[PDB]
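Chain by chain, the residues:
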Amino acid sequence: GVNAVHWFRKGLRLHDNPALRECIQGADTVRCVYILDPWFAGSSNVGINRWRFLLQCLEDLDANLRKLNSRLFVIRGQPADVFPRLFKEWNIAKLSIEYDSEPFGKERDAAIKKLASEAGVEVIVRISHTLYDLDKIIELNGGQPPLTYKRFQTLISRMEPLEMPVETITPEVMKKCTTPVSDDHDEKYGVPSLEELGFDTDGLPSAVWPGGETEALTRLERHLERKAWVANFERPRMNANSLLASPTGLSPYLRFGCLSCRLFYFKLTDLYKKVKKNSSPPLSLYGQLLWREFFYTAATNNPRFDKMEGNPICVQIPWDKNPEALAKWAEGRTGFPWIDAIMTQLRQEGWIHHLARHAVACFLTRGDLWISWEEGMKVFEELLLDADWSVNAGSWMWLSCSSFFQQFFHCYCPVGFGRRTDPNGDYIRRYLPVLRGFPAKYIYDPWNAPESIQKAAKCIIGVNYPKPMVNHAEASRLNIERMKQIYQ
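Basis of the calculations
- Residues numbered from 1 in each chain as written, not as in the entry; some residues may be left out.
- Heavy atoms only, no water.
- Domains from an automatic or database assignment.
- Contact = heavy atoms within 4.5 Å.
- Salt bridge = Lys/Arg side-chain N within 4 Å of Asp/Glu carboxyl O.
- Polar contact = N/O pair within 3.5 Å; in protein donor to acceptor, adjacent residues only side chain to side chain.
- Helix = DSSP H or I, 4+ residues; strand = E, 2+ residues; numbered from the N terminus.
- Nonpolar A, V, L, I, M, F, W, Y, C, P; charged D, E, K, R; others polar.
- Buried < 20%, exposed > 50% of the residue type's maximum accessible area, 1.4 Å probe, protein only.
- Pairing = 2+ DSSP bridges.
- Right-handed = clockwise from strand over helix to strand, strands pointing away.
- UniProt positions renumbered as here; feature names shortened; annotations may be inferred.

Per the PDB record, the structure was determined using X-ray crystallography to 1.91 Å resolution.

Here is the structure:
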C-alpha cells in the first residue's frame, strides 16, 4: 500500500485543492489531518469568535469528507512531534501541504520537510493560497518586493495567474482511494468543542459568520449576484451600503481557505465577461485579492514584518506606551460612539467594514491616541475573523503612515466620519443600546447634549456611558505635528 496524508492548515476546503488532488493520485489510502494543540490553545491570545470559526471550518470538512466515506483526523499536539509518530503508525509514503509563504510557516514547513526526508517520505507542496508565485513577482521588481501598491499593480498587470482552479474531490476519486477509520474515531480524532479549548460558551449566540466551505460556496454565489446588480447600473437597494455583517461577505472564508482565491478570481472574471460583455476587465475588479497578494509578497522574506523595531520596511515612530488608553480602545470604552460601536461589533461578531477599520486604526495610532500600530494589529488578530498575519501587519503600517508610502490621506474625525457614514446613527443605537435614546443630532457627540436631553435618553454621559477619553481637535493637532516633526 501507498499511504498518504494531507495536512490541512490554511486551505480548509475540498475544491481547488491541487496538493490534496496530487496526494491522492497513485495512493491506496488517504488521511486528511489537521493538527491542533489544545494545551497551547489554552494560553492563546485569540478570542472565542476566531476559534469558533476555525472549529466550524473543521466540522464542515469532516461533514464533506463523510460524504466521501472518509473522516477528518484532528490530531492533538504539535507537528514536529506528531508527524514522526504518524509516518510510522500509518506507514505513510507521501505528505501534502498547501504552500505557506509567511516566514513562520516557511520555517515550520522546512522542519517538517526534513523530518519527512529522514523518514523517506515524499512531500507534496502546491501553491494555492495565493494567485501567483510570490518570488516571481519579486524578480520582476529588480529582486525586491514592491513596497507600494501602485508598483505591485503595475507588475501584476503583466502576469496571469499560475493556474485556473482544479476540480473538487469527487465520489469518483475517493472510491478508488480508501480511508481506514476506527470505530473509536470521533473519540481520538474528532473536532474539538469550544469547551475543550478553554471557553465558557454560556449565553453564546449563533455565529453571525458560520465557518466552512459549504457556507463559503453558498456566499460566493450570492456575492456574484449582488455584484452583477451594481455592475448593471441597476436600481437602488435598501441594503446597498451597510456597516452590518454582509450575507455575501467572503473575507473570513478567503483567510481560512474555505474559498479558493483562484476560484473567486475566475468567477469575477467570468462575471465581468458575461455582464459587461468585456474580455479584459480592469484590475480594480480584483482589488480585494490583489491587496492581499501585495502584503503576502511584502512579508514573505521578512520575519519581523509584524514589528516596528528591527523591521527594515517600517518607519521608526515614537509611539506612546499607554496601557489604560489601549484597553479603552480595545474594549470600546473611548467615549466616542462611532469608535466604540465599531469595536463592539468587532468584539461581538468578528467582522467590521474596511471603512470602519480605517476609522478605529486612525483613532488608535496617528489620529488620536498615538499608540503603536503593533497594538492595534494584535487586537485585530485576537478578534477579527479574517485577520491574516501579513495583511494585518501591512494594513496597520500603511494606515499609521509607518510604511507602504502611497495614498497619503487625512485621518477621519471620530465624530464627523460616522455622521457622514450613518447620518441617523442607527449603527450607534444598534451596538451601543445605552445611547439608543439620543437624537440623531447628538448620537455621535453625546457629550454635547444638554442635560435635559441626556436625562430624557436615560443616559448620563460619564456615568452610564463614558466621557470622551481625548479632546480630538487637540489630539489630532498635536499628532499631525508629531508626525511632520518626524518626517520633516
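### Description of the domain arrangement of the protein chain
With domains assigned, the protein chain is organised as domain 1 (1–127), domain 2 (130–166 + 213–302) and domain 3 (323–486). The partner domain 2 presents 26 residues to the 23 residues of domain 1 that form the contact. Put simply, domain 1 and domain 2 have 2 salt bridges between them. The tally of links from domain 1 across to domain 2 stands at 17 residue pairs in polar contact. Looking at the side of domain 1 that touches domain 2, the elements with two or more residues in it are α1 (18–24), α3 (48–66) and α5 (103–118). Among the elements that take part in the side of domain 1 that touches domain 2, α3 stands out by supplying 7 residues, more than any other. Of the residues belonging to the side of domain 1 that touches domain 2, the class tally is 9 nonpolar, 5 polar and 9 charged.

### Quick word on the pairing of strand β1 (residues 3–8)
As a general feature of sheets, a regular strand has side chains that alternate between the two faces. Counting buried positions over the 6 residues of β1 gives 6, a clear majority of the element. With 6 bridges joining them, β1 and strand β2 (residues 29–36) adopt parallel strand pairing. Opposite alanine 4, over in β2, you have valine 30 as the bridge partner. Viewed along the sheet, the connection from β1 through α1 into β2 turns out right-handed. Here 4 bridges tie β1 to strand β4 (residues 92–98), and the two strands are oriented parallel to one another. Opposite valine 5, over in β4, you have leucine 95 as the bridge partner.

### As for the UniProt feature "binding site: FAD" (unreviewed entry) in the protein chain
Residues annotated in UniProt with the feature "binding site: FAD" (unreviewed entry) correspond here to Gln288, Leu289, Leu290, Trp291, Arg292, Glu293, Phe294, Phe295, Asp386, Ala387 and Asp388. Its relative accessible area of 36% is what places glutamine 288 among the partly exposed residues. Apart from residues lying up to four places away in sequence, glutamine 288 is in contact with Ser251, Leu254 and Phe264. By the secondary structure assignment, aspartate 388 is in the loop between α17 (373–383) and α18 (389–399). Excluding its chain neighbours within four sequence positions, the residues that come into contact with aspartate 388 are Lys10, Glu102, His129, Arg255, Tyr296, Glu381 and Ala393.

### Looking at the pairing of β4
With respect to burial, β4 is a largely interior element, 6 of its 7 residues being buried. Pairing of β4 with strand β5 (residues 122–126) involves 5 bridges; the strand directions are parallel. Bridge assignment links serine 96 to a residue of β5, and that residue is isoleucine 124. Handedness of the β4-α5-β5 crossover: right-handed.

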